[PDB]
């Protein structure tokens, strides 16, 4: 669908490094936000925002992409009730993604939550149920993995992809051309 692949990739970034927020203000004002945060403003302006802008155009969302500079990171923000529920409903229906959307979501989740050295292949999150979904997707794709409580202080689990299948994971998932390429896989392919 191409739109579905970019949607699933952005959802991984959103669930990873951002969030979906339903705000209630004085009064009774409101706001609906789709957010991705990141330290690198280059990565936000050059990789994340063009993908989000394409999705905004194909969905005929009229809200604009805001890029706000925070004290510790930049924030990509779309203030759109239509886009908020578009991603929210996708999240509740995530267990039904076809293989293409699964690969794209794992791409975005690893860009957000993954070990970027690629020396080890790990994904951190406190949402164990979300990692168990990704775990069964990876197993079905032939990528062996385990889940353990990695941070006993805060309750952060880790999904460790076995290095026995590091080539399978990096080549067939992170480097798939069926959906947008992550930054480090794109630099690897183009040398």
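Residue numbers count along the first chain shown, from 1.
When the two stretches 33-41 and 157-165 are set side by side, the higher mean Cα temperature factor goes to 157-165. Here the stretch with the larger average CA B-factor, out of 181-189 and 4-12, is 181-189. Residue-level inspection of the entry shows that, of 126, 47, 62, 136, 62 has the top Cα B-factor. For residue 22, the recorded CA B-factor ranks within the lowest third of the chain. Only modelled residues enter the ranking. Split the chain's modelled residues into thirds by C-alpha temperature factor. Residue 111 is in the lowest one. Per the deposited record, the Cα B-factor of residue 75 falls in the lowest third when ranked against the other modelled residues of its chain.
Residue 104 sits in the middle third of its chain by CA B factor, as recorded in the PDB entry. Among all modelled residues in its chain, residue 83 ranks in the lowest third by Cα B-factor.
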